[PDB]
Structure formats: C-alpha cells, structure tokens
>>> print(open('query.pdb').read())   # PDB, C-alpha atoms
ATOM      1  CA  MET A   4     -23.470  27.812   7.874
ATOM      2  CA  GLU A   5     -20.719  29.133  10.177
ATOM      3  CA  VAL A   6     -17.030  28.438   9.442
ATOM      4  CA  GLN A   7     -16.242  24.927  10.728
ATOM      5  CA  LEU A   8     -12.468  25.166  11.391
ATOM      6  CA  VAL A   9     -10.733  28.192  12.975
ATOM      7  CA  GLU A  10      -6.962  27.882  13.259
ATOM      8  CA  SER A  11      -4.268  29.638  15.349
ATOM      9  CA  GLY A  12      -0.462  29.934  15.505
ATOM     10  CA  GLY A  13       2.388  30.355  13.002
ATOM     11  CA  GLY A  14       5.389  32.646  12.433
ATOM     12  CA  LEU A  15       9.190  32.832  12.137
ATOM     13  CA  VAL A  16      11.377  30.295  13.930
ATOM     14  CA  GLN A  17      15.074  29.315  14.175
ATOM     15  CA  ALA A  18      16.275  25.852  13.134
ATOM     16  CA  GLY A  19      16.105  23.415  16.070
ATOM     17  CA  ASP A  20      13.256  25.253  17.842
ATOM     18  CA  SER A  21       9.577  24.480  18.569
ATOM     19  CA  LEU A  22       6.219  25.951  17.465
ATOM     20  CA  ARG A  23       2.628  25.024  18.356
ATOM     21  CA  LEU A  24      -0.371  25.173  16.023
ATOM     22  CA  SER A  25      -4.002  24.735  17.049
ATOM     23  CA  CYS A  26      -7.457  24.647  15.463
ATOM     24  CA  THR A  27     -11.002  24.634  16.844
ATOM     25  CA  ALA A  28     -13.962  22.954  15.172
ATOM     26  CA  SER A  29     -17.741  23.090  15.641
ATOM     27  CA  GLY A  30     -19.111  20.544  18.148
ATOM     28  CA  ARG A  31     -20.750  18.556  15.343
ATOM     29  CA  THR A  32     -17.661  18.461  13.067
ATOM     30  CA  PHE A  33     -15.178  17.645  15.883
ATOM     31  CA  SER A  34     -17.253  14.625  16.938
ATOM     32  CA  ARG A  35     -17.890  13.363  13.376
ATOM     33  CA  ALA A  36     -14.414  13.736  11.834
ATOM     34  CA  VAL A  37     -10.840  12.510  11.969
ATOM     35  CA  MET A  38      -8.768  15.710  12.377
ATOM     36  CA  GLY A  39      -5.503  16.139  10.476
ATOM     37  CA  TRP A  40      -2.707  18.488   9.445
ATOM     38  CA  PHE A  41      -1.340  19.156   5.955
ATOM     39  CA  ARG A  42       1.488  21.408   4.714
ATOM     40  CA  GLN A  43       2.220  23.194   1.440
ATOM     41  CA  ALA A  44       5.934  23.840   0.775
ATOM     42  CA  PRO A  45       6.730  26.701  -1.642
ATOM     43  CA  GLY A  46       5.666  25.734  -5.193
ATOM     44  CA  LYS A  47       4.382  22.298  -4.044
ATOM     45  CA  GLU A  48       1.027  20.563  -3.473
ATOM     46  CA  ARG A  49      -0.179  20.222   0.130
ATOM     47  CA  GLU A  50       0.883  16.931   1.678
ATOM     48  CA  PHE A  51      -0.280  14.935   4.713
ATOM     49  CA  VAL A  52       1.511  15.547   8.044
ATOM     50  CA  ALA A  53      -0.480  13.845  10.860
ATOM     51  CA  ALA A  54      -3.970  12.701  11.937
ATOM     52  CA  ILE A  55      -5.794  11.914  15.217
ATOM     53  CA  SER A  56      -9.066  10.058  15.891
ATOM     54  CA  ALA A  57     -11.330   9.537  18.915
ATOM     55  CA  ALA A  58     -11.477   6.075  20.488
ATOM     56  CA  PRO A  59     -13.740   4.811  23.337
ATOM     57  CA  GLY A  60     -13.369   6.770  26.602
ATOM     58  CA  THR A  61     -10.352   9.085  26.957
ATOM     59  CA  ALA A  62      -8.412   7.230  24.249
ATOM     60  CA  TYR A  63      -7.085   8.548  20.929
ATOM     61  CA  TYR A  64      -5.329   7.039  17.918
ATOM     62  CA  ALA A  65      -2.529   9.018  16.231
ATOM     63  CA  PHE A  66      -0.828   8.513  12.853
ATOM     64  CA  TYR A  67       2.218  10.386  11.473
ATOM     65  CA  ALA A  68       3.717  10.810   7.996
ATOM     66  CA  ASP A  69       7.325   9.580   7.604
ATOM     67  CA  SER A  70       8.656  13.145   7.158
ATOM     68  CA  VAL A  71       7.634  14.133  10.717
ATOM     69  CA  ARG A  72       7.512  10.988  12.888
ATOM     70  CA  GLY A  73       9.193  11.442  16.264
ATOM     71  CA  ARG A  74       9.557  15.225  15.917
ATOM     72  CA  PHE A  75       5.869  16.255  16.095
ATOM     73  CA  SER A  76       3.122  15.476  18.608
ATOM     74  CA  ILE A  77      -0.563  15.649  17.693
ATOM     75  CA  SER A  78      -3.290  15.835  20.387
ATOM     76  CA  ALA A  79      -6.940  16.791  20.936
ATOM     77  CA  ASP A  80      -9.197  18.199  23.683
ATOM     78  CA  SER A  81     -12.876  17.202  23.575
ATOM     79  CA  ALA A  82     -13.895  19.910  26.096
ATOM     80  CA  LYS A  83     -12.481  22.664  23.866
ATOM     81  CA  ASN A  84     -13.222  20.954  20.487
ATOM     82  CA  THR A  85      -9.568  21.780  19.659
ATOM     83  CA  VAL A  86      -6.760  19.836  17.899
ATOM     84  CA  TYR A  87      -3.054  20.664  18.422
ATOM     85  CA  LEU A  88       0.215  20.167  16.599
ATOM     86  CA  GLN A  89       3.382  20.711  18.621
ATOM     87  CA  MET A  90       6.333  20.769  16.227
ATOM     88  CA  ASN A  91       9.872  20.323  17.626
ATOM     89  CA  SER A  92      13.444  20.258  16.189
ATOM     90  CA  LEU A  93      12.288  22.323  13.200
ATOM     91  CA  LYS A  94      14.413  22.357  10.021
ATOM     92  CA  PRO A  95      14.508  24.820   7.094
ATOM     93  CA  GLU A  96      12.833  21.954   5.158
ATOM     94  CA  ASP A  97       9.750  22.342   7.426
ATOM     95  CA  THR A  98       8.975  25.835   6.004
ATOM     96  CA  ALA A  99       5.397  25.845   4.622
ATOM     97  CA  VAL A 100       1.786  26.992   4.828
ATOM     98  CA  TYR A 101       0.135  24.656   7.365
ATOM     99  CA  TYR A 102      -3.541  23.603   7.165
ATOM    100  CA  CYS A 103      -5.896  21.812   9.546
ATOM    101  CA  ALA A 104      -8.373  19.347   8.007
ATOM    102  CA  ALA A 105     -11.587  17.461   8.895
ATOM    103  CA  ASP A 106     -12.501  14.093   7.291
ATOM    104  CA  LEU A 107     -16.046  12.851   8.059
ATOM    105  CA  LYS A 108     -15.727   9.467   6.291
ATOM    106  CA  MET A 109     -12.524   8.189   7.962
ATOM    107  CA  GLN A 110     -12.953   6.575  11.443
ATOM    108  CA  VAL A 111      -9.393   5.741  12.518
ATOM    109  CA  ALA A 112      -6.293   7.942  12.069
ATOM    110  CA  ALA A 113      -4.423   6.920   8.908
ATOM    111  CA  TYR A 114      -2.788   8.525   5.876
ATOM    112  CA  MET A 115      -5.135  11.193   4.486
ATOM    113  CA  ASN A 116      -5.291  12.353   0.849
ATOM    114  CA  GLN A 117      -6.302  16.007   0.413
ATOM    115  CA  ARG A 118      -9.225  15.021  -1.884
ATOM    116  CA  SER A 119     -10.892  13.191   1.055
ATOM    117  CA  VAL A 120     -11.002  16.353   3.190
ATOM    118  CA  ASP A 121     -14.430  17.845   3.961
ATOM    119  CA  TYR A 122     -13.416  21.112   5.687
ATOM    120  CA  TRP A 123     -10.184  23.177   5.841
ATOM    121  CA  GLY A 124      -8.959  25.809   8.235
ATOM    122  CA  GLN A 125      -7.277  28.966   6.925
ATOM    123  CA  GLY A 126      -3.622  28.367   6.037
ATOM    124  CA  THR A 127      -0.856  29.708   8.256
ATOM    125  CA  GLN A 128       2.757  30.508   7.360
ATOM    126  CA  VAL A 129       5.519  28.773   9.315
ATOM    127  CA  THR A 130       9.051  29.893   8.351
ATOM    128  CA  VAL A 131      12.160  28.107   9.626
ATOM    129  CA  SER A 132      15.476  29.889   9.049
ATOM    130  CA  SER A 133      18.822  28.081   9.341
TER     131      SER A 133
ATOM    132  CA  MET B   4       4.034  17.205  -7.063
ATOM    133  CA  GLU B   5       4.206  20.872  -8.148
ATOM    134  CA  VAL B   6       1.376  23.193  -7.037
ATOM    135  CA  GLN B   7      -1.574  22.860  -9.417
ATOM    136  CA  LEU B   8      -3.343  26.249  -9.044
ATOM    137  CA  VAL B   9      -1.814  29.726  -8.568
ATOM    138  CA  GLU B  10      -4.136  32.731  -7.985
ATOM    139  CA  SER B  11      -3.491  36.402  -8.886
ATOM    140  CA  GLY B  12      -5.335  39.615  -8.005
ATOM    141  CA  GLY B  13      -7.249  41.059  -5.032
ATOM    142  CA  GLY B  14      -7.593  44.244  -2.946
ATOM    143  CA  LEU B  15      -9.966  46.903  -1.595
ATOM    144  CA  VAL B  16     -12.564  48.329  -3.996
ATOM    145  CA  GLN B  17     -15.616  50.590  -3.561
ATOM    146  CA  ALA B  18     -19.241  49.418  -3.841
ATOM    147  CA  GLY B  19     -20.345  49.639  -7.475
ATOM    148  CA  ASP B  20     -16.782  48.982  -8.731
ATOM    149  CA  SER B  21     -15.502  45.901 -10.586
ATOM    150  CA  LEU B  22     -12.487  43.526 -10.322
ATOM    151  CA  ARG B  23     -11.213  40.520 -12.318
ATOM    152  CA  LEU B  24      -9.246  37.701 -10.606
ATOM    153  CA  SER B  25      -7.139  35.040 -12.363
ATOM    154  CA  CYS B  26      -5.717  31.563 -11.745
ATOM    155  CA  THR B  27      -3.195  29.456 -13.691
ATOM    156  CA  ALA B  28      -3.476  25.653 -13.739
ATOM    157  CA  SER B  29      -1.032  22.969 -14.865
ATOM    158  CA  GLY B  30      -1.692  21.851 -18.457
ATOM    159  CA  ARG B  31      -2.810  18.496 -17.029
ATOM    160  CA  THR B  32      -5.453  19.919 -14.652
ATOM    161  CA  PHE B  33      -6.671  22.557 -17.172
ATOM    162  CA  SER B  34      -7.556  19.795 -19.658
ATOM    163  CA  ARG B  35      -8.961  17.248 -17.195
ATOM    164  CA  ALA B  36     -10.928  19.177 -14.529
ATOM    165  CA  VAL B  37     -13.910  21.472 -14.162
ATOM    166  CA  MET B  38     -12.520  24.659 -12.654
ATOM    167  CA  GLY B  39     -14.390  27.009 -10.352
ATOM    168  CA  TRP B  40     -14.390  29.633  -7.643
ATOM    169  CA  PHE B  41     -15.514  29.633  -4.009
ATOM    170  CA  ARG B  42     -15.626  32.429  -1.409
ATOM    171  CA  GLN B  43     -15.279  32.513   2.383
ATOM    172  CA  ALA B  44     -17.161  35.425   3.970
ATOM    173  CA  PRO B  45     -16.311  36.565   7.545
ATOM    174  CA  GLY B  46     -17.188  33.805  10.057
ATOM    175  CA  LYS B  47     -18.860  31.720   7.348
ATOM    176  CA  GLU B  48     -18.080  28.436   5.595
ATOM    177  CA  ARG B  49     -16.864  28.769   1.992
ATOM    178  CA  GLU B  50     -19.587  28.751  -0.680
ATOM    179  CA  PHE B  51     -19.710  27.937  -4.404
ATOM    180  CA  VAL B  52     -19.542  31.002  -6.702
ATOM    181  CA  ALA B  53     -18.919  29.927 -10.344
ATOM    182  CA  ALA B  54     -17.771  27.016 -12.522
ATOM    183  CA  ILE B  55     -16.528  26.378 -16.102
ATOM    184  CA  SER B  56     -16.359  23.148 -18.171
ATOM    185  CA  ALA B  57     -13.101  21.133 -18.445
ATOM    186  CA  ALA B  58     -10.649  22.164 -21.204
ATOM    187  CA  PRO B  59     -12.359  25.544 -21.855
ATOM    188  CA  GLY B  60     -11.016  26.429 -25.351
ATOM    189  CA  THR B  61     -13.128  27.971 -28.121
ATOM    190  CA  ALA B  62     -16.325  26.800 -26.363
ATOM    191  CA  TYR B  63     -17.586  26.051 -22.842
ATOM    192  CA  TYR B  64     -20.502  26.017 -20.447
ATOM    193  CA  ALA B  65     -20.422  28.367 -17.455
ATOM    194  CA  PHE B  66     -22.547  28.083 -14.246
ATOM    195  CA  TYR B  67     -23.200  30.524 -11.350
ATOM    196  CA  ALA B  68     -24.552  30.704  -7.794
ATOM    197  CA  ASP B  69     -27.852  32.656  -7.609
ATOM    198  CA  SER B  70     -26.305  35.429  -5.453
ATOM    199  CA  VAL B  71     -23.814  36.405  -8.192
ATOM    200  CA  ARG B  72     -25.842  35.678 -11.367
ATOM    201  CA  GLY B  73     -25.443  38.268 -14.160
ATOM    202  CA  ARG B  74     -22.851  40.337 -12.203
ATOM    203  CA  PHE B  75     -20.084  37.680 -12.133
ATOM    204  CA  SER B  76     -18.611  35.870 -15.149
ATOM    205  CA  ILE B  77     -16.072  33.101 -15.634
ATOM    206  CA  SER B  78     -13.841  32.629 -18.699
ATOM    207  CA  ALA B  79     -10.464  31.170 -19.731
ATOM    208  CA  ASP B  80      -7.292  31.551 -21.848
ATOM    209  CA  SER B  81      -6.237  28.094 -23.019
ATOM    210  CA  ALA B  82      -2.922  29.382 -24.399
ATOM    211  CA  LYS B  83      -2.025  30.566 -20.854
ATOM    212  CA  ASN B  84      -3.764  27.689 -18.997
ATOM    213  CA  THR B  85      -5.652  30.414 -17.052
ATOM    214  CA  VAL B  86      -9.240  30.909 -15.773
ATOM    215  CA  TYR B  87     -10.706  34.296 -14.774
ATOM    216  CA  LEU B  88     -13.429  35.504 -12.374
ATOM    217  CA  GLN B  89     -14.966  38.810 -13.520
ATOM    218  CA  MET B  90     -16.960  40.577 -10.787
ATOM    219  CA  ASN B  91     -19.186  43.560 -11.744
ATOM    220  CA  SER B  92     -21.285  45.895  -9.518
ATOM    221  CA  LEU B  93     -19.616  44.691  -6.294
ATOM    222  CA  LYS B  94     -21.540  45.012  -3.006
ATOM    223  CA  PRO B  95     -20.177  45.132   0.560
ATOM    224  CA  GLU B  96     -21.704  41.629   0.909
ATOM    225  CA  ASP B  97     -19.235  40.279  -1.704
ATOM    226  CA  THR B  98     -16.385  40.858   0.820
ATOM    227  CA  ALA B  99     -14.544  37.532   1.238
ATOM    228  CA  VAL B 100     -11.457  35.394   0.771
ATOM    229  CA  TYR B 101     -11.785  34.034  -2.788
ATOM    230  CA  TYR B 102     -10.501  30.541  -3.750
ATOM    231  CA  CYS B 103     -10.026  28.834  -7.126
ATOM    232  CA  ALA B 104     -10.647  25.071  -7.265
ATOM    233  CA  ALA B 105     -10.430  22.059  -9.582
ATOM    234  CA  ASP B 106     -12.493  18.839  -9.582
ATOM    235  CA  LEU B 107     -11.138  16.043 -11.843
ATOM    236  CA  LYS B 108     -14.357  14.014 -11.401
ATOM    237  CA  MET B 109     -16.469  16.677 -13.191
ATOM    238  CA  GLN B 110     -16.539  17.541 -16.923
ATOM    239  CA  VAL B 111     -19.463  19.967 -17.373
ATOM    240  CA  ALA B 112     -19.811  23.288 -15.471
ATOM    241  CA  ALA B 113     -22.120  22.803 -12.445
ATOM    242  CA  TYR B 114     -22.470  23.286  -8.685
ATOM    243  CA  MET B 115     -19.192  22.242  -7.021
ATOM    244  CA  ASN B 116     -19.144  20.562  -3.590
ATOM    245  CA  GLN B 117     -16.096  21.753  -1.628
ATOM    246  CA  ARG B 118     -15.585  18.149  -0.420
ATOM    247  CA  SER B 119     -15.084  16.930  -4.026
ATOM    248  CA  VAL B 120     -12.372  19.499  -4.883
ATOM    249  CA  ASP B 121      -9.008  17.896  -5.763
ATOM    250  CA  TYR B 122      -6.845  21.046  -5.774
ATOM    251  CA  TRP B 123      -7.057  24.549  -4.257
ATOM    252  CA  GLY B 124      -5.319  27.817  -4.975
ATOM    253  CA  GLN B 125      -4.344  30.068  -2.051
ATOM    254  CA  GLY B 126      -7.111  32.396  -0.867
ATOM    255  CA  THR B 127      -7.124  36.067  -1.876
ATOM    256  CA  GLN B 128      -8.765  38.875   0.094
ATOM    257  CA  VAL B 129     -11.335  40.991  -1.732
ATOM    258  CA  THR B 130     -12.860  43.795   0.341
ATOM    259  CA  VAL B 131     -15.753  45.911  -0.904
ATOM    260  CA  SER B 132     -16.100  49.197   1.010
ATOM    261  CA  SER B 133     -19.510  50.717   1.873
TER     262      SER B 133
END
>>> encode(input="query.pdb", output="structure tokens")
Amino acid sequence: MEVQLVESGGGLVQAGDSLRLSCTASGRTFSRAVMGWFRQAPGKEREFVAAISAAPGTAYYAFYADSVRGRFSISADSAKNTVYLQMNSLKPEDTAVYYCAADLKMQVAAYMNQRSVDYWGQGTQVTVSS
Amino acid sequence: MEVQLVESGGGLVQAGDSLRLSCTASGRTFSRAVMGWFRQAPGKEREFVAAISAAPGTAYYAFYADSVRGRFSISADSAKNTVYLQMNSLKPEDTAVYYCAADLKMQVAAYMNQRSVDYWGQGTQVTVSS
C-alpha cells in the first residue's frame, strides 16, 4: 500500500506573518475521511488544530480549536485531493511540528482526538520567532 | 499533556551491519500500554515491525512481522522506562523512517494496527547502503 498522506510546507517565520501548509491524499482516502490538522509543541503531546468535511455539492463544513479560531483558514480541493491550512498572525506560541490527519469514521468536521486518526502525514517544523 | 514517547538513535549503516534504537515512555504509558515499532519505507504506508507486552519487567512476550523475524528483537529497561529495537543483518530494503508507538487498549504483544495507536514518537531515519 502506497503512502496515503503527503504533506508540504513549513519553515521559519516572524511573529505576525503568514504561512501555508498543504497535504495530498489518495483518491480513496480523501473521499472517505474527514481531514484535519494537529500540532506538537516542544515537549508536548500533539493537539487538535482544525478539521474540514465534505458536504453535498460544492459545500464544506469547517471546525476550529479555540487556540486558532479566526487566525487560521482551512480549505480543500476535490480536483487535487488536497487539504490546506493558511495560518495568519503567527505568534511564538504557534511554534510546533504540524501534522495532517485522516479520520475515516467521522462524517462531519468536529473536535478530533489523535487516537481516532487512521492515517498521518509526515510532520513539518514551523518556527515562529518574536 | 507532556509528550509520551521520545525516540533516540538512527543514521546510515552498511548492508550486513546492525543498529539498536531506543524510546523512553512516561511511567504511566510504560505500565499501561503494549509498545511497538512501525516503519515507513519510501512512498509506502507505515507497517508494523515489532511489539512487546505492557509493563515489560523481568518477563514479557515479544512479537514480530514476518519480514524481520529472527533479525530484529525488542526488549526493555523498566528502571529507565525505555524500550529498544535491535536490528541485525540489515538489508537495503530495511531503509525507512522508524516510529515507536503505544496502544493502551492492548496488554499482550501482538500485531498493532496503526489506527489503534494512542501515542507516537517522532520518526527517525535509518538508511541501509547497498
């Protein structure tokens, strides 16, 4: 079985600035899963950031953790089987290894525990200096 | 929550060589979960490698994937809350990112589904040169 999630983006950023992450998934996984983002701060467990789920037609449902509401935008593109996280107004507190996630059981975007995740992309370092 | 699993070790070795990896777990996870290793080969989804019974003190079961049987061995140091993956007679085909994992819903060493894993350590690159 081929790797299901392939992620892109990351790097060093100044406080206040923006950075975009993205992740592709296989056709089968993209269509069968709620896609999400998690982050692992230094010395901490990975915690939920945001999720997005397909709805009938062109529609999507999005859900954000309290830490990131307003400042981040999640989106998806069916034609490219890709999910995106645009992060804005970044703070030193946002420094972490960021992971994309696929959850086959969940149907509608909601808070996601890491134990419910079926597939992970490879983690990527995002560093925000003051 | 503090990070549960911290991996150590990795690098480039030659075919026929050996290498031991390690991973520390919180006291709580060491006593409660089956611990194991997975590996993610280039362009492939991560696969089960080895597992060890919960609370591996003076005695434990160990279990292995067919592709690593006899060459690979898993053990533990209870006093250091640490599990080890010993890899003998390495082949170019063992080249992969190696992950340690814990599943709190398992007690006896056995095949681990990646979907059922509660906690992950950060991947470590092992490259075996032809």
>>> atom_distance(input="query.pdb", atom1="CA of residue 35 (chain B)", atom2="CA of residue 106 (chain B)")
8.5 Å
>>> atom_distance(input="query.pdb", atom1="CA of residue 45 (chain B)", atom2="CA of residue 133 (chain B)")
15.6 Å
>>> resolve_selection(input="query.pdb", expression="the ChimeraX specification (/A :<12) & /B", output="MDAnalysis selection string")
chainID B and resid 4:9 29 42:50 100:102 104:108 116:127
>>> resolve_selection(input="query.pdb", expression="the PyMOL selection byres ((chain B and resi 132) around 9)", output="PDB file with C-alpha atoms, keeping the file's coordinate frame")
ATOM      1  CA  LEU B  15      -9.966  46.903  -1.595  1.00  0.00           C
ATOM      2  CA  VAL B  16     -12.564  48.329  -3.996  1.00  0.00           C
ATOM      3  CA  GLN B  17     -15.616  50.590  -3.561  1.00  0.00           C
ATOM      4  CA  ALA B  18     -19.241  49.418  -3.841  1.00  0.00           C
ATOM      5  CA  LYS B  94     -21.540  45.012  -3.006  1.00  0.00           C
ATOM      6  CA  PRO B  95     -20.177  45.132   0.560  1.00  0.00           C
ATOM      7  CA  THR B  98     -16.385  40.858   0.820  1.00  0.00           C
ATOM      8  CA  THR B 130     -12.860  43.795   0.341  1.00  0.00           C
ATOM      9  CA  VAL B 131     -15.753  45.911  -0.904  1.00  0.00           C
ATOM     10  CA  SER B 133     -19.510  50.717   1.873  1.00  0.00           C
TER      11      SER B 133
END
>>> atom_distance(input="query.pdb", atom1="CA of residue 113 (chain B)", atom2="CA of residue 73 (chain B)")
15.9 Å
>>> closest_residue(input="query.pdb", among="A:115, A:93, A:109, A:55", to="residue 20 (chain A)", atoms="only C-alpha atoms")
A:93
>>> axis_aligned_box(input="query.pdb", around="region 50-68 of chain A", padding_each_side="3 Å", output="AutoDock Vina command-line options")
--center_x -5.0 --center_y 10.9 --center_z 14.3 --size_x 23.5 --size_y 18.1 --size_z 31.3
>>> resolve_selection(input="query.pdb", expression="the PyMOL selection byres ((chain B and resi 85) around 9)", output="ChimeraX atom specification")
/B:25-28,33,78-84,86-87
>>> residues_near_point(input="query.pdb", point="(7.8, 19.6, 17.6)", cutoff="12 Å", atoms="only C-alpha atoms", output="VMD selection string")
chain A and resid 16 18 to 24 71 to 77 87 to 94 97
>>> calpha_fit_and_write(input="query.pdb", fixed="chain A", moving="chain B", output="compact mmCIF listing (two decimals) with C-alpha atoms, in the frame of the given file")
# COMPACT_ATOMS: atom_id res chain seq x y z
CA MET B 4 -23.35 26.88 7.64
CA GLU B 5 -20.86 28.32 10.18
CA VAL B 6 -17.14 27.72 9.56
CA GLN B 7 -16.15 24.28 10.87
CA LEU B 8 -12.40 24.70 11.58
CA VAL B 9 -10.53 27.75 12.96
CA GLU B 10 -6.70 27.65 13.21
CA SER B 11 -4.46 29.53 15.69
CA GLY B 12 -0.69 30.02 15.86
CA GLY B 13 2.23 30.49 13.44
CA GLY B 14 5.34 32.63 12.87
CA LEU B 15 9.11 32.64 12.28
CA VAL B 16 11.23 30.32 14.43
CA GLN B 17 14.90 29.23 14.33
CA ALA B 18 16.11 25.76 13.29
CA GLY B 19 16.14 23.49 16.34
CA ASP B 20 13.23 25.39 17.95
CA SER B 21 9.68 24.12 18.56
CA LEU B 22 6.10 25.41 17.99
CA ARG B 23 2.59 24.11 18.76
CA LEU B 24 -0.39 24.99 16.49
CA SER B 25 -4.08 24.60 17.38
CA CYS B 26 -7.48 24.29 15.68
CA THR B 27 -11.04 24.40 17.06
CA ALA B 28 -13.81 22.34 15.44
CA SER B 29 -17.59 22.46 15.83
CA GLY B 30 -18.84 19.91 18.38
CA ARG B 31 -20.44 18.04 15.46
CA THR B 32 -17.24 17.68 13.39
CA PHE B 33 -15.03 16.95 16.46
CA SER B 34 -17.17 13.90 17.29
CA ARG B 35 -17.75 12.63 13.74
CA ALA B 36 -14.50 13.16 11.77
CA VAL B 37 -10.87 12.12 11.77
CA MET B 38 -8.91 15.36 12.09
CA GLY B 39 -5.48 16.01 10.64
CA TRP B 40 -2.86 18.41 9.36
CA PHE B 41 -1.39 19.07 5.92
CA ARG B 42 1.40 21.42 4.78
CA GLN B 43 2.09 23.32 1.56
CA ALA B 44 5.81 23.94 0.97
CA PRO B 45 6.96 26.64 -1.51
CA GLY B 46 5.91 25.70 -5.07
CA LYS B 47 4.71 22.27 -3.93
CA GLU B 48 1.33 20.56 -3.60
CA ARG B 49 0.07 20.14 -0.02
CA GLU B 50 1.10 16.91 1.73
CA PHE B 51 -0.27 14.86 4.63
CA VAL B 52 1.48 15.49 7.99
CA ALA B 53 -0.52 13.93 10.87
CA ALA B 54 -3.92 12.50 11.82
CA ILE B 55 -5.95 11.64 14.97
CA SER B 56 -8.99 9.35 15.47
CA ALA B 57 -12.55 10.78 15.57
CA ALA B 58 -13.83 12.00 18.97
CA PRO B 59 -10.35 12.03 20.59
CA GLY B 60 -11.24 12.02 24.34
CA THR B 61 -9.40 9.97 26.96
CA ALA B 62 -8.00 7.69 24.22
CA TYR B 63 -7.04 7.84 20.53
CA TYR B 64 -4.80 6.58 17.77
CA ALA B 65 -2.38 9.03 16.15
CA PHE B 66 -0.62 8.61 12.74
CA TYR B 67 2.29 10.49 11.08
CA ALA B 68 4.02 11.03 7.73
CA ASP B 69 7.54 9.51 7.66
CA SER B 70 9.22 12.93 7.27
CA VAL B 71 7.88 14.17 10.64
CA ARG B 72 7.84 10.92 12.68
CA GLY B 73 8.98 11.30 16.32
CA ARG B 74 9.45 15.11 16.04
CA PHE B 75 5.76 15.99 15.46
CA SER B 76 2.82 14.99 17.67
CA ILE B 77 -0.94 15.42 17.49
CA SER B 78 -3.31 15.62 20.48
CA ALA B 79 -6.69 17.08 21.51
CA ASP B 80 -8.76 18.82 24.22
CA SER B 81 -12.31 17.48 24.03
CA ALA B 82 -13.61 20.07 26.51
CA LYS B 83 -12.46 22.82 24.09
CA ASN B 84 -13.22 20.88 20.86
CA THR B 85 -9.57 21.55 19.88
CA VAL B 86 -6.75 19.57 18.18
CA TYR B 87 -3.05 20.48 18.41
CA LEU B 88 0.04 19.97 16.21
CA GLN B 89 3.25 19.89 18.28
CA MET B 90 6.41 20.36 16.18
CA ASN B 91 9.83 19.67 17.79
CA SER B 92 13.37 20.11 16.36
CA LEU B 93 12.16 22.17 13.38
CA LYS B 94 14.28 22.23 10.20
CA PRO B 95 14.34 24.84 7.41
CA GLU B 96 12.63 22.13 5.29
CA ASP B 97 9.54 22.28 7.56
CA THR B 98 8.83 25.82 6.21
CA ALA B 99 5.26 25.81 4.84
CA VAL B 100 1.66 26.97 5.02
CA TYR B 101 0.03 24.57 7.51
CA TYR B 102 -3.64 23.48 7.17
CA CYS B 103 -5.98 21.60 9.52
CA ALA B 104 -8.54 19.26 7.93
CA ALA B 105 -11.49 17.01 8.74
CA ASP B 106 -12.74 13.88 6.94
CA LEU B 107 -16.20 12.63 8.04
CA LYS B 108 -15.73 9.36 6.10
CA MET B 109 -12.81 8.26 8.33
CA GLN B 110 -12.92 7.05 11.97
CA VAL B 111 -9.40 5.77 12.75
CA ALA B 112 -6.22 7.90 12.40
CA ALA B 113 -4.54 7.16 9.02
CA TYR B 114 -3.14 8.70 5.84
CA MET B 115 -5.54 11.43 4.65
CA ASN B 116 -6.11 12.10 0.93
CA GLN B 117 -6.59 15.85 0.38
CA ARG B 118 -9.40 15.02 -2.09
CA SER B 119 -11.43 13.30 0.68
CA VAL B 120 -11.27 16.26 3.10
CA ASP B 121 -14.71 17.72 3.94
CA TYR B 122 -13.59 20.89 5.75
CA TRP B 123 -10.43 23.04 5.84
CA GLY B 124 -9.11 25.65 8.23
CA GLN B 125 -7.32 28.71 6.82
CA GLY B 126 -3.61 28.19 6.15
CA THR B 127 -1.00 29.52 8.58
CA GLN B 128 2.58 30.43 7.67
CA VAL B 129 5.35 28.70 9.61
CA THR B 130 8.87 29.74 8.64
CA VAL B 131 11.96 28.00 9.99
CA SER B 132 15.12 30.11 9.61
CA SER B 133 18.52 28.58 8.75
